[PDB]
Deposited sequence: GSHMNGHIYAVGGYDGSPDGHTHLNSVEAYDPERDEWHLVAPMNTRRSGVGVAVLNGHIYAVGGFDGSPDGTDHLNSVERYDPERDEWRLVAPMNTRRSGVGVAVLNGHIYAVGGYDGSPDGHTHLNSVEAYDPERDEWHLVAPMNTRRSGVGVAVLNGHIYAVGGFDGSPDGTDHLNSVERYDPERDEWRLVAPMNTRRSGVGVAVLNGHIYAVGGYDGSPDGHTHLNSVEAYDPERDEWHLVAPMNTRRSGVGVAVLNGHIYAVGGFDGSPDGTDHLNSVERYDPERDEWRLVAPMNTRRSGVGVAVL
């Protein structure tokens, strides 16, 4: 398969800022190729794969004309190399987490700055009827949240609360049961992480990078932690070569890929790949474009 890097933000001094461009990584050639751009520029975008299509969910269009937090959603068809808009969400969400469970896309948390609200709300997309439905909200408001699916539950990992009753970078983690429509907190991470990337590999959730802006020492992270759902525990694993917040993460062929992000002060085009058998990160070919707040999916 291929990794897709979708949208993001190029804040490099010659960069084009909010991106609608999209590039695809081929692991066998170790090469990134630009493909069709989306209809709308999106940084802080959530990306998921469902039924052979790539969905770009929400995000922020800070382009010259529109400065909007997005409720729009568009779908990529790899065979035609075209993006088409589908039904919009109920709520505008940048910094949104997305994942796929039981044939539906879940959009989790985010930031609606159209008020300036950090969201605890969650909604579910049904591709057969092309509609979004709100479901149970999270216990905590979270923008810049990582989301992944493991053992039939959605996990919302870290993020930033930012509400007046708590401007906190989160180490907490909660799990969504679709059967009872309920969120429950589980074991927190060792490190507080907003703008964290997450993915699932060999039955564990990996929390990669992020930003710990706690009143203890504001920092972009290269550290990595893994969650064992059976024991309900988090354990640190080998750190990356580069500190990355707003990083995209995906799993392909037994490896975790950390894609782009921001090192505080560079927007990254670099890409590294984690091997769980050697517990080591290795850099692979860099992206054509630097992208922080990038969405990543595997198809």
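Undergrad: Unmodelled stretches of the deposited sequence, numbered from 1?
TA: Gaps vs deposited seq, in order: 1-5, 120-121, 272-275.
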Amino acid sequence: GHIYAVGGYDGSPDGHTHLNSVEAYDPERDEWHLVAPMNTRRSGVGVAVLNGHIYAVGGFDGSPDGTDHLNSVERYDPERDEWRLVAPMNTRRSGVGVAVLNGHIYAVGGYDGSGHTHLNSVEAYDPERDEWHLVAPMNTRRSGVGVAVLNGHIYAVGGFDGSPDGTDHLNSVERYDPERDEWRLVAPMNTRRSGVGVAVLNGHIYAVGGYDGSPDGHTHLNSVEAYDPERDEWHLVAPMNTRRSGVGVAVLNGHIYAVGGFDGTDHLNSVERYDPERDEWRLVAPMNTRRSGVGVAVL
From here on, numbers count along this sequence of modelled residues.
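Undergrad: Out of 11-19 and 278-286, which stretch has the higher average CA B-factor listed in the record?
TA: Per the PDB entry, the higher value belongs to 11-19.
Undergrad: Please compare 182-190 with 115-123 and say which has the higher mean C-alpha temperature factor in the record.
TA: Mean B over CA atoms: larger for 115-123.
Undergrad: Sort 92, 142, 218, 75 by C-alpha B-factor from the entry and give me just the highest.
TA: That would be 218.
Undergrad: Per the coordinate record, which of the options 110, 210, 146, 162 holds the highest CA temperature factor?
TA: Going by the entry's C-alpha B-factors, 162 comes out highest.
Undergrad: What third of the chain, by the recorded C-alpha B-factor, contains residue 137?
TA: Middle third.
Undergrad: Please place residue 46 in the lowest, middle or highest third of its chain by C-alpha B factor as given in the entry.
TA: Bottom third by C-alpha B-factor.
Undergrad: Lowest, middle or highest third: which one holds residue 58 when the chain's residues are ordered by CA B-factor from the entry?
TA: Lowest third of the chain for residue 58's C-alpha B-factor.
Undergrad: For the chain shown, is the CA B-factor of residue 248 in the lowest, middle or highest third of its modelled residues?
TA: Lowest third of the chain for residue 248's C-alpha B-factor.
Undergrad: Select lowest, middle or highest to describe the third in which the CA B-factor of residue 40 falls within its chain in this entry.
TA: Within its chain, residue 40 is a lowest-third residue by C-alpha B-factor, going by the deposited values.
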